Amino acid sequence: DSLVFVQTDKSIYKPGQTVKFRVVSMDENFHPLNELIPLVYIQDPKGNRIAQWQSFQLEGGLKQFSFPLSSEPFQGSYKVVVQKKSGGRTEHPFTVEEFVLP
């Protein structure tokens, strides 16, 4: 039983930008944990797993990832999903949008 959570460097990204997120783990008293996470992935508005990293171990209590969005990506709400060994899961949404007219 540890506290894992996800954080993106932004809440809203525009086409062409690289999404950067961090997976963090800690215990009560906020002690950093070098936890081995079984799964973390990004899901787009259509429900696709456009990126996925397996069996990685946190260093210093966290691990950073990045995902370069294409120039014409689906727009709307995405989500980073992390699955911890204990079977617990955590979802962190983020959006990608810009709109046709400036």
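## Overview of the overall build of the protein
- A tally of regular secondary structure across the protein gives zero helices and eight strands.
- Secondary structure elements of the protein occur, N-terminal to C-terminal, as β-β-β-β-β-β-β-β.
- Referenced to the eigenvectors of the C-alpha coordinate spread, the extents of the protein come out at roughly 50 × 20 × 15 Å.
- Looking at the 102 residues of the protein, the share that counts as buried comes to 34%.
- Of the contacts formed within the protein by residues at least 6 apart in sequence, a portion of 54% connects residues at least 24 apart.
- Summed over its atoms, the accessible surface of the protein is roughly 6200 Å², and 50% of this surface lies on carbon and sulfur atoms.

## Things to note about the sheet that holds strand β2 (residues 12–13)
- Taken in spatial order, the five strands make up an open sheet running β2-β8-β7-β4-β5, and their pairing is mixed. The open sheet has two edge strands with one neighbour each: β2 and β5 (49–57).
- With two bridges connecting them, β2 and strand β8 (residues 89–96) associate as parallel partners. From the neighbouring strand, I12 faces β8, where its bridge partner is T95.

## Some points on the pattern of salt bridges
- Here the structure, examined in full by the defined rule, presents two salt bridges.
- As a salt-bridge pair, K79 and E91 come within 3.3 Å of each other at their nearest N and O atoms. Placement of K79 in strand β7 (residues 76–83) and of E91 in strand β8 is noted, with a sequence separation of 12 residues between them.
- Three or more residues joined by partner-sharing salt bridges are found here, namely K79, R89 and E91.

## What about the packing of aromatic side chains?
- Under the defined criterion, the tally for this structure stands at six aromatic pairs.
- Arranged with centres 5.5 Å apart and planes meeting at 80 degrees, the rings of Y13 and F94 form a pair that is edge-to-face. Here the residue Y13 occupies a position in strand β2, and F94 occupies one in strand β8, the gap between them amounting to 81 residues. Side by side, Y13 and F94 carry an identical accessibility label, which is buried.
- Ring-pair connections join several aromatic residues into one group, and the members of that group are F21, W53, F56 and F65.
- Sitting above the plane of the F74 ring, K46 keeps its charged end 3.6 Å from the centroid.
- Between the NZ or CZ atom of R49 and the centre of the ring of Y41, over which it lies, the distance is 3.7 Å.

The rules behind these values
Residues numbered from 1 in each chain as written, not as in the entry; some residues may be left out. Heavy atoms only, no water. Helix = DSSP H or I, 4+ residues; strand = E, 2+ residues; numbered from the N terminus. Buried < 20%, exposed > 50% of the residue type's maximum accessible area, 1.4 Å probe, protein only. Contact = heavy atoms within 4.5 Å. Areas by Shrake-Rupley, 256 points an atom, 1.4 Å probe, with all protein chains shown as cover. Pairing = 2+ DSSP bridges. Salt bridge = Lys/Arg side-chain N within 4 Å of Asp/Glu carboxyl O. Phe/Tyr/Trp six-rings, centres within 6.5 Å; stacked < 30°, edge-to-face > 60°. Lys NZ or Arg CZ within 6 Å of the ring centre and 35° of its normal.

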